[PDB]
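What follows is a set of notes on a single structure, which appears directly below.
So that the names make sense, note that chain A is the first sequence line, chain B the second, and so on, each numbered from 1.
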Amino acid sequence: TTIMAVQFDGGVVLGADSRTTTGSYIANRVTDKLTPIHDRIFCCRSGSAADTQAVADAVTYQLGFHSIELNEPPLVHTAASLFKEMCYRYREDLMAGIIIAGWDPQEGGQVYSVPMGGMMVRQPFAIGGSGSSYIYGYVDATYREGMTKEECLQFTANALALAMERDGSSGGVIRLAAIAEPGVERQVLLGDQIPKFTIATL
Amino acid sequence: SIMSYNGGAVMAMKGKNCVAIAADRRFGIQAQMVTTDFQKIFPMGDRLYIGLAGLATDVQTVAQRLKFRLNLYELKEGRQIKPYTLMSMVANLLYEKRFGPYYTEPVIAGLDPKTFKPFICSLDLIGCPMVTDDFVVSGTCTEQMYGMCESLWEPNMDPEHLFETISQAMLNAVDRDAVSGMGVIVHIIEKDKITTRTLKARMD
Amino acid sequence: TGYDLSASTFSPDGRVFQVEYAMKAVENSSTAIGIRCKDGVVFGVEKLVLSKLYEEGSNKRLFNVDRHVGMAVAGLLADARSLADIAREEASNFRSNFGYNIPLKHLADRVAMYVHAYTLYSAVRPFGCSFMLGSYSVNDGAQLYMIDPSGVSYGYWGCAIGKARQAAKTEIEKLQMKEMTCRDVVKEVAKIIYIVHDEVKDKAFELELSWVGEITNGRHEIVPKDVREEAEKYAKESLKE
Amino acid sequence: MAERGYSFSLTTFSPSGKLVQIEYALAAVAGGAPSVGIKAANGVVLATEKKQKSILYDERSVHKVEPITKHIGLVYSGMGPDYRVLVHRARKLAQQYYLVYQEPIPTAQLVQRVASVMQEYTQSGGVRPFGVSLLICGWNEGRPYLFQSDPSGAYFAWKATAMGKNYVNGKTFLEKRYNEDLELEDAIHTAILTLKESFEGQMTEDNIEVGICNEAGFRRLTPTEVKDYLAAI
Amino acid sequence: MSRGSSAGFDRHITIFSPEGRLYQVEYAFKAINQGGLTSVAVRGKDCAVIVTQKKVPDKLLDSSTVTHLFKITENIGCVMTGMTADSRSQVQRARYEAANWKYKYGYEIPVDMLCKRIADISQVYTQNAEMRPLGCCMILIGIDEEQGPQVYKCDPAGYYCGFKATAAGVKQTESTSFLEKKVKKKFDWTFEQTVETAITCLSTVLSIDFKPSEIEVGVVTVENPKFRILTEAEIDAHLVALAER
Amino acid sequence: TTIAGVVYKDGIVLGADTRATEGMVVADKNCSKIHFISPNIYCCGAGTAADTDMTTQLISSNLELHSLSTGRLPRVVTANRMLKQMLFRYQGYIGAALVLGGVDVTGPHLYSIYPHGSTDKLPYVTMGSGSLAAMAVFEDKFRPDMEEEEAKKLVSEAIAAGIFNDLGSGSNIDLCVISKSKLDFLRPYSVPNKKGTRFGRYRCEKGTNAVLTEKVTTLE
Amino acid sequence: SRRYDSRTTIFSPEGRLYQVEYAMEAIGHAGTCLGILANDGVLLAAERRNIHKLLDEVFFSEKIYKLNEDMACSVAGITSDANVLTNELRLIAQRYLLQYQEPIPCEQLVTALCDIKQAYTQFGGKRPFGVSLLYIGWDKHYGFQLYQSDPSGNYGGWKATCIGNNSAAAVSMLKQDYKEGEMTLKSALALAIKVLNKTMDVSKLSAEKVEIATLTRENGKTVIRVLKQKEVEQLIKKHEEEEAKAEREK
Amino acid sequence: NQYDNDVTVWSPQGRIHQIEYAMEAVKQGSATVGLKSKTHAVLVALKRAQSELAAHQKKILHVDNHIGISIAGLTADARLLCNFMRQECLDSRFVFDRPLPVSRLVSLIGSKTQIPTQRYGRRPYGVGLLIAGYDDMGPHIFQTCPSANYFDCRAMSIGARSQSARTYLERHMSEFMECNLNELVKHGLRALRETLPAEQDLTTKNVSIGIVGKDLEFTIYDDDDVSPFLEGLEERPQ
């Protein structure tokens, strides 16, 4: 699993691979690891599939009730706080690393990382999963401030492609989501749409 | 390991219009025999029987609790239980202890009331029922019983042929098991009568 | 006969008389007023001095429910203190759960639901107090809410609760609070409190003033002593002609 | 707020030895809409009147005849919300029976369990007895059943009976018209005639609700079939 | 068994009278009218409209907070009649029930199911003697995929039903008679016709010409199933269209 | 055990083998591994058989109650949510893994549910010890929007591969075809395996067994 | 809360429990249940108060309930409370059988149900059960037995007793006519028929208005059976023949 | 009437009669006086004896090293409240290793005593307390009521015939602030003596004195430690 969220001026760009494994067997090669928590809030799930699914369902339920009560669009910080509270209260029982990314009228695009253990930090960009280790240097050397939405999409696609090439638990297709004020735009990169890097030979 | 603590073997077979249930009689602790007339088959009706193999204490506990529930059911419903309903009741009773399981594998043989259609079934220790059409076996010598039954069973057997088949299968299966034997008791359930026989078996 | 002994019993007319009796108890208390302006909310309480032996500031009817929320109460003071504790717990729990300051409307709704929970059973008694909630934030602006013993919560521009609230409402209606600032609203509140107080009926009172707004940077606090003295002087000189 | 309830019984014996709360619940039932049940040779028909006080109501939204299982149906007389509560409890009891025994509950067992619930509400603390009588039909072992459960928790097996307003006149009419070996269609005709005996106004395919139980199971009769039966009557 | 007969505590707690009635429930029904307001709900062929009168006696009251229209979900809206605090508690309960239904079953609650749940809760209040029933009436508004617009009303007695048109409040009898007359003369009702029917029903039962700030209108349509509250401009346009003819 | 399912152009086809083993011995040669949930929803089971039976029965009962209350046809998403929440709150102690398929107002849906409480919504799924052979068949031959007969043939081929390449699978092939207009519970659908015909006869005759005591009770 | 409490478990100024006496009045308003103990068995003879031409045929018996393989009971009073008490009795019998693997003696079962009744009459604030019960059975200790229990929780053993409507007249008749140690089941049935005939004076005796159940021992087994309509008709015919013979001989 | 038997029943006048009856219970007790200077807080209690052969009832209790109370009303209620306050102070010293502020303790007392006044079957605490404490804010005199209301007082008197003591405290409040310990105790003793009839005089048997200050822990002077404070008191002015 490799997940990635990057913040640009108007919003955020989310990305994930689609491989779910039971050992070395790929049980689901078209998995959708980008979960919409609200209209403009998504989450990236890594770790135990059951734990992440249950936590995402519970946070969706709580955030929907909270937004209905307040008659106001929810904050990305509020969704991150709910995820953090649930993941910290049950840190011994859950195995869930979450990335919460979304757009706010009051705060704009926001990326929050909630790793295993239950800490919460806002970042310009976040990467998670077993395949994120292989792309730390790439995102460190490639990220720059002021990137547009298209540049953020290309950056996320490149990093995900490299991680999928190197990581055995990552692969399949690249699912991208761009969230801004107008709405959420989703796309799937597959086949030759995935960025290609030539293998060095001889 | 826990199921082999006391030994035992229960077998049920289907005839044309009859059922047969058989069990060994040995009661023992590990490799020591205590008694040779332990009851493993319990009547659950006029033409309904249950055989229990496994821990002897769990055999007795399950038989008594099943008799409790069956007596309450028959007092309330005002009728005799059907063998499928009894199988469901045993499954519920065993699954209530899913995390504290009884170490018994019940075997149910009987004729459906008002129809007299033969019914046989077996359940695991947590209550998974398995309704077959030929035979069901349970106990420490299930492989020998399976071989004997698969070799000898025939469809639409008369009660005499059914008796001979189940007797030969049980005798030759418990002759090859260390912790089973010390006699065999066979019940043949017909529409009009029930025949109980003890077989001349080895006592070693 | 006997239809007015329990909050779990309706009258033939369709009334819950225990709640009305609690509201009557509220109507016997001294008057506290609150005015919302374009940049904050100002609270003023006519705190009666029942005995000269009491310390100044004793039995204060202004509370800090949260860093940004103030509370002005009227009625039974023990019930008001319990409701202030409930509001404080609600705000603390909201910050613990959702990670940010509770909106004043949401807090008012929660406390109003808690109050309404005491108007349904014979096992409990309706609260004998009514109170106002004031707050200010950059995103939400100035907000002012009032909760009555029945559990009804409404937003207000200017609210008065207590013995003389109709005269206080008449005095407040003469104010163009939508364009005023907290500095002038403090003096206006002091003048209204001095106007509605009954010198013949009540021997003496203290003027308790508090505000929340941009001048306090979104914090609810007691109005500073200088501004309080200026407002009291202005109120006294306005009473004189 | 306090979630505790009253721990003392609201139904108590009188100096004459009568539970007057049960009698008042029976009066509430007797003030309800007429309901008729007829056990035929090959099935049971449950019939009732549902005339809304206005044409603004949606006749197709609330059903007085309700299925409990695939083979058991319900109809009531008295207070509608109480009937809803009892329908929910009866469905839950039938599903529990199926979970335990893996066979559909017999009509008698479900009637006994519902009557036990009604007795519990007649004796427990801080509650009033239900203000409904239930007409329960079912098909078990190739045989139809018709039962009536009263607010007190007592149940009776009936060939034909009536509840609600003018239920004594309906009972006399059923005594005059009922006979054994009756076919299901004749039973439906007799039930509709029993409803007509006390019906005020014009009876259409929406003013009444009919449910039938037979070997195929229990089902509500659609308004088109009710219209056909009314035209045939 | 005689009319108006009383025995024991049947006037004080929810126990049966000799006639078989529950007087506390009727008293809660009167508590509904104690509020003094009236609301009207009308169902169209592709829409559903709720209109209630908005009374703000004093200018010191922030008018944006005096609302009797609430949204339970994105697609379900309600209008409350009766006691305000009871209405708010019932609205909170309905919101919780809808959210829990979505969490547990994976799809949005139907309007009929929500009305049934609220009616069940109010019935529980009618059967137990330790608590007061709520003196409020709830009318639910929503769009069903199979059946279309839905209008459901539940009362303190535990009774609920679907309606082509319904009313609640002080003048609910006159409004129901007017809606009976309108529905009997059946003709095609578009969204505009349904809104005008509800508005004119309220105006004729209150016998007052309406201003855009004196009423409150919420609608759901098949094209836009989301529940929305009309602004003063749209209400003014509807009122002008009504007044020209 | 080999259980498989596909989504075809108009519904769901479920498949299973009918062999149940206890260790390395075949206990049942005709075992029904496709479980009724609702008239439009069925389920294939793997794992602890008693856990699967009880979980499917409980969810079927709850769905029946839900459909009785609502008066509508049950949704596959409701069954999936109920199953996954119940499995998750037991933290995998209920070792039931399920292939859930059905057709509702939204169309045909297929789910795979795991004992810890994680679900996947896929156009084709496999489960059991023979799941990899059936998955190979699917990945080799599956195409979207197949016809009913083509889907039945594909599921039968997958189950046959599981039967003939896994020691835990065998016997017959059972198919459940679900569409918005009909439901087809084909048991058995194929019989690729049969007992060999006898080459001789065994000795089993009357009087062969010696009897010590005999008691006969006449039932009136 | 205090205002609405009825105080069902408090003493009266004369030391009486009013709710218990009112439940006993309810018993007195119920149908007649009769029990006679003979040498070779014991019988129950209840009056069918549920009579109507539109009523369906009863499954086993309207008022006689089998408690276990060796006992049966008859109830007078509130029917649903009787259902609760019979379910509890069956539960107690099954619990004893589970614990000891022997059928419960009759007096122990009666004592358990009476303990439940007394617990309801002492605490809880609930109304008492308005049921009186007649118990018949056989056990290895005392053979055939007949017991009667009250809503107060008081029980006692009897040779012949009656509860329900016109129970005092039936008790007087049994006192006059019961012969201790000489009763057979046939003479007991004749006495039961004559007592039911005299007590049910408003309605002439017929097999459709009475239910009769007997308890006998048949080769080490207890047989609890309900008399068929023809058998009760023959009993009534014999009673009428004897009455006509007495009329002629007087 | 019908409104004076339950604490959960409002009256048509907006009053709860059970609370007023508990206030009467407080008014039934013997008079005690609390007063404070800039550096000390003093409680002087007029003890009462059931008989000539009975010891005078305790009226001043130890709560903590910086807090003491004087009681008036139901003695068992007073002991319950004192135990609650002692537990609260011990918890404060255990968790924060600092003395609990007096105002926060009084707030806790009010919160605890408000609950029984709103629940069916409970009754108000029929005791009124005068609390003397010293903390970072200096000396404090507090008065609690069965109505769960509490007051911050410069001086206060509760119990029977406390109106005369309150009048004397009103007269001499202007000079209470600058008095030293002996002068403050003499002022309190004169205020307490104002509650006594002419034929009765303050003696070492019926006077209890509790003092807390900046450098002085809370101490109770009962029988022979009272004589230095009694010495110097002039005769009753009549």
Interface moiety of [X] toward chain D, non-hydrogen atoms closer than 4.5 Å:
X	answer
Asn87(G)	neither
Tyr18(G)	neither
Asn83(G)	side chain
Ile78(G)	side chain
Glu21(G)	neither
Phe59(G)	neither
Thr8(G)	side chain

Seminar exercise, completed: Max heavy-atom pairs within cutoff under 4.5 Å with chain D, candidates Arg127(G), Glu25(G), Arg7(G), goes to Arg127(G)
Exercise. Any idea which of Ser6(G), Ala82(G), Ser1(G), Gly28(G) has the most non-hydrogen atom pairs under 4.5 angstrom with chain D?
Worked result: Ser1(G)
From [atom1] ([X]) to [atom2] ([Y]), nearest 0.5 Å:
X	Y	atom1	atom2	answer
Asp81(G)	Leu19(D)	CG	CG	7.5 Å
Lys126(G)	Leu10(D)	NZ	CG	10.5 Å
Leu174(D)	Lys53(G)	CG	NZ	11.0 Å
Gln148(D)	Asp56(G)	CD	CG	13.0 Å

For this session: Please name the pair of heavy atoms, one in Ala26(G) and one in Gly17(D), separated by the smallest distance, quoted to 0.1 Å.
Result: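 So the minimum-distance heavy-atom pair works out to CB-O, 3.2 Å.
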Exercise. Picking from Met118(D), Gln119(D), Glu120(D), what satisfies side chain to side chain contact (heavy atoms under 4.5 Å, CB included) with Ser80(G)?
Worked result: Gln119(D)
For this session: For the residue pair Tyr22(G) and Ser14(D), establish whether any side-chain heavy-atom pair is separated by less than 4.5 Å.
Result: no
So does [X] have more than 12 non-hydrogen atoms from other groups sitting under 6.0 Å from [atom1]?
X	atom1	result
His29(G)	NE2	yes
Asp201(G)	CG	yes
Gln101(G)	CD	yes
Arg225(G)	CZ	yes
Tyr167(D)	OH	no

Exercise. Under 3.5 Å, is there a donor-acceptor pair between the side chain of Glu175(D) and the main chain of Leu54(G)?
Worked result: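 The answer is no, because no donor-acceptor pair under 3.5 Å joins these two groups.
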For this session: Would you confirm whether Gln19(G), through its side chain, and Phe13(D), through its main-chain N or O, come within 3.5 Å as a donor-acceptor pair?
Result: yes
For this session: Against chain G, label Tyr145(D) side chain, backbone, both or neither, depending on which of its atoms sit under 4.5 Å from a heavy atom there.
Result: neither
Exercise. Is it the side chain or the backbone of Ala115(D) that comes within 4.5 Å of chain G heavy atoms, both, or neither?
Worked result: neither
For this session: Please report the C-alpha distance between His52(G) and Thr161(D) in whole Å, then the side-chain angles of each, then the deciding distance to 0.1 Å, and finally whether the side-chain contact (heavy atoms from CB on, under 4.5 Å) criterion is met.
Result: CA-CA 11 Å; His52(G) 198 304; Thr161(D) 193; over 6 Å; no
Problem set entry | Which of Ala154(D), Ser116(D), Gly153(D), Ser124(D) touches chain G most, by non-hydrogen pairs under 4.5 Å |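 Looking at each option in turn, the highest pair count goes to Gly153(D).
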